[PDB]
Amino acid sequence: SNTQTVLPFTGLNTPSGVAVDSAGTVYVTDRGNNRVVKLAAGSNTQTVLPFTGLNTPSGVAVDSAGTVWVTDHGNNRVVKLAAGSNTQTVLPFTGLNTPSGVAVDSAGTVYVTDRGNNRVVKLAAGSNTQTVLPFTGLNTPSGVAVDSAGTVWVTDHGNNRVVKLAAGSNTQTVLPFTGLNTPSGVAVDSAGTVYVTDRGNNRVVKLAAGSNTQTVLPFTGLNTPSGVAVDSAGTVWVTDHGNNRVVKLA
């Protein structure tokens, strides 16, 4: 489209994370207001999800069954709400320090960027014991994404790079992005295109599947974009954190 639309959220303050489910519902962590909000496709009226006591919520993910996971960055925990639940559940992660991003795969496995500990942790579906993924050399990692094949992508925020780890691998690959300044969010689509919010450069970039060099997306007037999500139609949603808004691009 090359023409962005602003989503009709109201009263956002420094929105951080964004996720989109199969029905086109958009979930946003309204980080400055300690709340998570959602907008149904073609809806005009946002709903506030019944989380309690959040402290700078920073990442959000949503599975096929509509369960919502949120990184409660200030409380060193990850919380979830099942589709029809009014009580949040704290996941049995241990030792988290300022957790930032979260992603969930088709099997229900949850991946979290444990930002203050420079590591990525996972809770396999049906398991109560976390494992630490074998990334190396991370510095204050923020965004995380997982594709259909179980490959995990991480924005290595402090090192201005984006890395990936194939499932069951001891091999970390640095992706060929260029000139990144504080990459903070990452998304991958079913074709394997990777989208990254380049926060310090006020732009969003992508490495199209099969390409050796990045493209800058035709967004307009971004200020410190923070999070990115993609749906099955290729629509890109970005939390334009410094402008207290959420933008999308078909």
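Residues carry their position along the shown sequence, with the first being 1.
Asker: Can you tell me which stretch has the higher mean Cα B-factor, 197-205 or 34-42?
Answerer: Looking at the record's C-alpha B-factors, the answer is 34-42.
Asker: Would 55-63 or 216-224 have the larger average of its C-alpha temperature factors, as given in the entry?
Answerer: The stretch with the larger mean CA B-factor is 216-224.
Asker: Please work out which residue in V70, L49, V26, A191 has the highest C-alpha B-factor recorded for this crystal structure.
Answerer: The record points to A191.
Asker: Kindly indicate the residue among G95, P176, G126, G143 with the greatest C-alpha B-factor in the PDB record.
Answerer: Highest C-alpha B-factor among the listed options: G126.
Asker: According to the PDB entry, is the CA B factor of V6 in the bottom, middle or top third of its chain, that is, lowest, middle or highest?
Answerer: It belongs to the highest third of the chain when residues are ordered by C-alpha B-factor.
Asker: Check where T239 lands among this chain's C-alpha B-factors and tell me if it's the lowest, middle or highest third.
Answerer: As the PDB entry reports it, the C-alpha B-factor of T239 lands in the lowest third of its chain.
Asker: Comparing against every modelled residue in the chain, figure out the third that the C-alpha B-factor of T87 lands in (lowest, middle or highest).
Answerer: Within its chain, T87 is a highest-third residue by C-alpha B-factor, going by the deposited values.
Asker: For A233, does the deposited CA B-factor place it in the lowest, middle or highest third of the chain?
Answerer: CA B-factor rank for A233: highest third.
Asker: Sorting the chain's CA B-factors, does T155 end up in the lowest, middle or highest third?
Answerer: Ranked within chain, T155 CA B lands in the lowest tercile.
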